[PDB]
>>> print(open('input24.txt').read())   # compact mmCIF, C-alpha atoms
# COMPACT_ATOMS: atom_id res chain seq x y z
CA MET A 1 81.68 70.66 80.11
CA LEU A 2 78.94 68.49 78.62
CA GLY A 3 81.60 66.24 77.13
CA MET A 4 81.69 66.66 73.36
CA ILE A 5 77.96 67.31 72.90
CA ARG A 6 78.47 71.06 72.69
CA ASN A 7 76.97 73.20 69.93
CA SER A 8 78.20 76.44 68.36
CA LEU A 9 78.41 79.15 71.02
CA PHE A 10 80.88 81.09 73.23
CA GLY A 11 79.98 84.39 71.61
CA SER A 12 77.02 85.28 73.80
CA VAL A 13 76.69 83.41 77.10
CA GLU A 14 74.66 83.84 80.28
CA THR A 15 76.15 82.96 83.67
CA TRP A 16 73.92 82.74 86.74
CA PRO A 17 75.16 84.48 89.93
CA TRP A 18 74.95 81.08 91.63
CA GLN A 19 74.99 77.44 90.53
CA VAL A 20 72.63 75.19 92.49
CA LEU A 21 74.27 71.78 92.88
CA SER A 22 72.06 70.57 95.74
CA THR A 23 69.13 71.46 98.01
CA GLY A 24 67.28 70.47 101.16
CA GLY A 25 68.69 71.13 104.61
CA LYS A 26 66.97 70.83 107.98
CA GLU A 27 64.18 72.31 110.09
CA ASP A 28 66.78 73.72 112.49
CA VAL A 29 69.38 74.66 109.89
CA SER A 30 68.67 74.90 106.16
CA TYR A 31 71.48 75.21 103.61
CA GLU A 32 71.94 75.24 99.84
CA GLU A 33 74.91 74.50 97.58
CA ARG A 34 75.58 77.42 95.23
CA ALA A 35 78.64 77.92 93.03
CA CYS A 36 79.59 81.43 91.90
CA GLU A 37 81.86 82.08 88.92
CA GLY A 38 83.04 85.60 88.11
CA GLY A 39 86.21 87.35 87.01
CA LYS A 40 87.41 90.15 89.27
CA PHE A 41 86.46 91.19 92.80
CA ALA A 42 87.32 94.02 95.19
CA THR A 43 89.17 92.90 98.32
CA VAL A 44 89.80 95.13 101.33
CA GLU A 45 92.02 94.16 104.27
CA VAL A 46 91.40 95.51 107.77
CA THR A 47 93.59 94.75 110.79
CA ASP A 48 93.35 95.69 114.47
CA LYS A 49 89.60 95.97 113.88
CA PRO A 50 86.66 93.54 114.39
CA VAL A 51 84.12 92.71 111.68
CA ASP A 52 81.52 95.44 112.16
CA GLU A 53 84.22 98.01 112.89
CA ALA A 54 86.42 96.88 110.00
CA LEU A 55 83.53 97.12 107.54
CA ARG A 56 83.06 100.73 108.61
CA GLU A 57 86.64 101.36 107.49
CA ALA A 58 86.43 98.95 104.55
CA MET A 59 83.14 100.29 103.14
CA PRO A 60 84.55 103.83 102.58
CA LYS A 61 87.53 102.49 100.63
CA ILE A 62 85.49 99.91 98.71
CA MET A 63 82.58 102.30 98.17
CA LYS A 64 84.81 104.89 96.51
CA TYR A 65 85.93 102.22 94.05
CA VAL A 66 82.36 101.35 93.06
CA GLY A 67 81.16 104.94 93.32
CA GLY A 68 83.31 107.59 91.69
CA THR A 69 86.98 107.16 92.58
CA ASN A 70 88.78 104.71 90.28
CA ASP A 71 90.75 107.16 88.12
CA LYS A 72 88.75 106.25 85.01
CA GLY A 73 85.32 107.86 85.09
CA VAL A 74 83.03 104.83 85.25
CA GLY A 75 79.62 104.53 86.88
CA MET A 76 79.51 101.21 88.71
CA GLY A 77 77.47 102.27 91.72
CA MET A 78 76.71 99.03 93.55
CA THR A 79 75.35 95.50 93.24
CA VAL A 80 73.64 93.38 95.93
CA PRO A 81 74.95 93.25 99.55
CA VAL A 82 78.70 92.91 100.10
CA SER A 83 80.35 89.87 101.69
CA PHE A 84 83.40 89.72 103.97
CA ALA A 85 85.81 86.95 104.94
CA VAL A 86 86.14 85.97 108.60
CA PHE A 87 88.83 83.76 110.14
CA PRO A 88 87.38 82.02 113.24
CA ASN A 89 89.91 80.88 115.86
CA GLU A 90 89.89 77.67 117.90
CA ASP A 91 88.48 79.78 120.75
CA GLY A 92 85.37 80.59 118.73
CA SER A 93 86.28 84.27 118.56
CA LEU A 94 87.88 86.14 115.66
CA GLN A 95 91.32 87.73 115.97
CA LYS A 96 90.88 91.07 114.21
CA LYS A 97 91.02 90.15 110.52
CA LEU A 98 88.37 90.58 107.82
CA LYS A 99 88.48 90.84 104.03
CA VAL A 100 85.58 92.51 102.21
CA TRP A 101 84.84 90.81 98.89
CA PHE A 102 82.97 92.73 96.19
CA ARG A 103 81.06 91.18 93.29
CA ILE A 104 81.84 93.07 90.09
CA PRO A 105 79.22 93.00 87.28
CA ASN A 106 79.95 91.21 84.00
CA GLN A 107 80.13 94.68 82.44
CA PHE A 108 83.32 95.48 84.34
CA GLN A 109 84.25 91.84 85.02
CA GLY A 110 85.99 91.80 81.65
CA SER A 111 88.10 94.83 82.56
CA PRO A 112 87.35 96.44 85.97
CA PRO A 113 88.51 100.03 86.70
CA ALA A 114 92.01 100.63 88.08
CA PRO A 115 91.65 100.88 91.90
CA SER A 116 92.72 104.19 93.45
CA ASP A 117 92.87 103.13 97.10
CA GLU A 118 96.15 101.42 97.98
CA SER A 119 94.12 99.34 100.43
CA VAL A 120 91.63 98.25 97.77
CA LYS A 121 93.02 95.38 95.69
CA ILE A 122 91.46 93.29 92.92
CA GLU A 123 92.07 89.55 92.65
CA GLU A 124 91.98 87.91 89.22
CA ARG A 125 90.69 84.37 88.67
CA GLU A 126 89.96 81.95 91.53
CA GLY A 127 86.27 81.24 92.08
CA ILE A 128 84.64 80.27 95.36
CA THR A 129 81.71 77.97 96.17
CA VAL A 130 79.81 78.35 99.44
CA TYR A 131 76.45 77.42 100.98
CA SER A 132 73.97 80.04 102.18
CA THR A 133 71.61 79.64 105.14
CA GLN A 134 68.69 81.80 106.25
CA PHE A 135 67.58 82.00 109.88
CA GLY A 136 65.36 84.21 112.01
CA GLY A 137 67.74 85.92 114.41
CA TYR A 138 70.41 88.56 114.96
CA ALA A 139 74.14 88.23 114.33
CA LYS A 140 77.06 90.65 114.69
CA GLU A 141 80.31 88.70 114.93
CA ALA A 142 80.63 86.19 117.78
CA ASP A 143 77.04 85.17 117.07
CA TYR A 144 78.00 84.46 113.46
CA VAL A 145 80.74 82.16 114.67
CA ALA A 146 77.98 80.08 116.22
CA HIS A 147 76.01 80.11 112.96
CA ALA A 148 79.01 79.04 110.88
CA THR A 149 79.48 76.10 113.24
CA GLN A 150 75.89 74.93 112.74
CA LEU A 151 76.33 74.84 108.96
CA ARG A 152 79.49 72.77 109.36
CA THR A 153 77.72 70.27 111.62
CA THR A 154 74.75 70.16 109.25
CA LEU A 155 76.97 69.25 106.30
CA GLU A 156 78.80 66.82 108.61
CA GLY A 157 76.61 64.10 107.13
CA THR A 158 77.41 65.11 103.55
CA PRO A 159 80.35 65.26 101.07
CA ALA A 160 80.36 69.06 101.46
CA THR A 161 83.90 70.24 102.19
CA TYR A 162 85.25 73.47 103.67
CA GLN A 163 88.39 75.42 104.57
CA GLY A 164 88.89 75.04 108.31
CA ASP A 165 89.60 78.55 109.59
CA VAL A 166 87.87 80.97 107.22
CA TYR A 167 84.29 81.68 106.14
CA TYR A 168 82.12 84.46 104.70
CA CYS A 169 79.09 86.26 106.14
CA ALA A 170 76.22 88.30 104.70
CA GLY A 171 74.12 91.02 106.29
CA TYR A 172 75.06 94.64 105.62
CA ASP A 173 71.93 95.95 107.32
CA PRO A 174 72.48 96.72 111.05
CA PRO A 175 70.56 94.89 113.83
CA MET A 176 67.84 97.46 114.51
CA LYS A 177 64.33 96.57 113.34
CA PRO A 178 63.50 92.82 113.32
CA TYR A 179 61.31 91.01 110.79
CA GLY A 180 63.20 92.97 108.14
CA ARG A 181 66.84 91.89 108.26
CA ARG A 182 68.32 88.55 107.16
CA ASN A 183 71.68 87.14 108.24
CA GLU A 184 73.47 84.36 106.36
CA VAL A 185 76.84 82.65 106.77
CA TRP A 186 78.61 80.91 103.88
CA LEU A 187 81.52 78.53 104.46
CA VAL A 188 84.41 78.40 101.99
CA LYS A 189 84.43 75.05 100.18
CA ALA A 190 87.88 73.46 99.96
>>> encode(input="input24.txt", output="structure tokens")
Amino acid sequence: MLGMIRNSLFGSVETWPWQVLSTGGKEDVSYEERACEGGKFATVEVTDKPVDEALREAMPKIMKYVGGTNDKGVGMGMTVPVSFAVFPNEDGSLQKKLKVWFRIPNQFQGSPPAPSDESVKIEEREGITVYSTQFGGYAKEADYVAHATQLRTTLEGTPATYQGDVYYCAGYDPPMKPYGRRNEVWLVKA
């Protein structure tokens, strides 16, 4: 990092929630390259359940971890909207499989609380870099699949890489009142 032109530091350091490595997208589909680097995150697996349905089962387990159920006595609460992993099939439709990823604050990042839910697991190390896009429309699950495809095509003319069968989505808020909710789909960079 910065070759050998580094000064005395390491003690106190500030890390942005996202690292902008590029900008500019398109009038039809705008995207931005952002790299996130943390420490520990809360992952929840949900089978035999779609995305919206799974989150309903995942949120309770993941919420208890951030709320007051970690067998420690900490007050995490919450932090920004949660993101989940979705594995799109060749048919364009998911196959019941979603993993809810939680962003733990630097405060607990150094030593997060011991999970109480056997379903809630914390993964150490391994950062992910994805691109976020903002559009004016609704999106539940199958609709997201269409959005994730657009981003891929958009980056088609760029060095931007991806996984191939897994991406993340952002929303949280349910599709009720328009002009107030924002849906975004981030692809996992390979």
>>> closest_atom_pairs(input="input24.txt", of="stretch 118-174 of chain A", to="stretch 70-77 of chain A", cutoff="12 Å", atoms="all atoms listed in the file", output="Markdown table")
| residue | atom | partner | partner_atom | distance |
| --- | --- | --- | --- | --- |
| A:118 | CA | A:70 | CA | 11.2 |
| A:120 | CA | A:70 | CA | 10.3 |
| A:121 | CA | A:70 | CA | 11.6 |
>>> write_last_selection(input="input24.txt", atoms="C-alpha atoms", output="compact mmCIF listing (two decimals), in the frame of the given file")
# COMPACT_ATOMS: atom_id res chain seq x y z
CA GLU A 118 96.15 101.42 97.98
CA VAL A 120 91.63 98.25 97.77
CA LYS A 121 93.02 95.38 95.69
>>> closest_atom_pairs(input="input24.txt", of="stretch 100-130 of chain A", to="stretch 11-18 of chain A", cutoff="12 Å", atoms="all atoms listed in the file", output="CSV")
residue,atom,partner,partner_atom,distance
A:103,CA,A:17,CA,9.5
A:104,CA,A:17,CA,10.9
A:105,CA,A:17,CA,9.8
A:106,CA,A:15,CA,9.1
A:127,CA,A:18,CA,11.3
A:128,CA,A:18,CA,10.4
A:129,CA,A:18,CA,8.7
A:130,CA,A:18,CA,9.6
>>> residues_around(input="input24.txt", residues="residue A:186", least_positions_apart="6", cutoff="6 Å", atoms="all atoms listed in the file", output="list in words")
residues 130, 131, 132, 168 and 169 of chain A
>>> atom_distance(input="input24.txt", atom1="atom CA of residue A:123", atom2="atom CA of residue A:1")
24.9 Å
>>> residues_near_point(input="input24.txt", point="(85.2, 96.3, 99.3)", cutoff="7 Å", atoms="only C-alpha atoms", output="list in words")
residues 42, 43, 44, 58, 59, 61, 62, 63, 100, 101, 102 and 120 of chain A
>>> atom_distance(input="input24.txt", atom1="atom CA of residue A:184", atom2="atom CA of residue A:171")
6.7 Å
>>> atom_distance(input="input24.txt", atom1="atom CA of residue A:140", atom2="atom CA of residue A:89")
16.2 Å
>>> residues_near_point(input="input24.txt", point="(79.5, 74.6, 108.8)", cutoff="10 Å", atoms="only C-alpha atoms", output="MDAnalysis selection string")
chainID A and resid 31 131 145:156 160:164 167 185:189
>>> closest_residue(input="input24.txt", among="A:175, A:25, A:180, A:68", to="residue A:52", atoms="all atoms listed in the file")
A:175
>>> residues_around(input="input24.txt", residues="residue A:170", least_positions_apart="2", cutoff="10 Å", atoms="only C-alpha atoms", output="PDB file with C-alpha atoms, keeping the file's coordinate frame")
ATOM      1  CA  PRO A  81      74.950  93.250  99.550  1.00  0.00           C
ATOM      2  CA  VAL A  82      78.700  92.910 100.100  1.00  0.00           C
ATOM      3  CA  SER A  83      80.350  89.870 101.690  1.00  0.00           C
ATOM      4  CA  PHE A  84      83.400  89.720 103.970  1.00  0.00           C
ATOM      5  CA  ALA A  85      85.810  86.950 104.940  1.00  0.00           C
ATOM      6  CA  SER A 132      73.970  80.040 102.180  1.00  0.00           C
ATOM      7  CA  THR A 133      71.610  79.640 105.140  1.00  0.00           C
ATOM      8  CA  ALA A 139      74.140  88.230 114.330  1.00  0.00           C
ATOM      9  CA  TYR A 144      78.000  84.460 113.460  1.00  0.00           C
ATOM     10  CA  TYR A 168      82.120  84.460 104.700  1.00  0.00           C
ATOM     11  CA  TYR A 172      75.060  94.640 105.620  1.00  0.00           C
ATOM     12  CA  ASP A 173      71.930  95.950 107.320  1.00  0.00           C
ATOM     13  CA  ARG A 182      68.320  88.550 107.160  1.00  0.00           C
ATOM     14  CA  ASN A 183      71.680  87.140 108.240  1.00  0.00           C
ATOM     15  CA  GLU A 184      73.470  84.360 106.360  1.00  0.00           C
ATOM     16  CA  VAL A 185      76.840  82.650 106.770  1.00  0.00           C
ATOM     17  CA  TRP A 186      78.610  80.910 103.880  1.00  0.00           C
TER      18      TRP A 186
END
>>> axis_aligned_box(input="input24.txt", around="stretch 63-72 of chain A", padding_each_side="5 Å", output="AutoDock Vina command-line options")
--center_x 86.0 --center_y 104.5 --center_z 91.6 --size_x 19.6 --size_y 16.2 --size_z 23.2
>>> closest_residue(input="input24.txt", among="A:95, A:134, A:30, A:116", to="residue A:165", atoms="only C-alpha atoms")
A:95
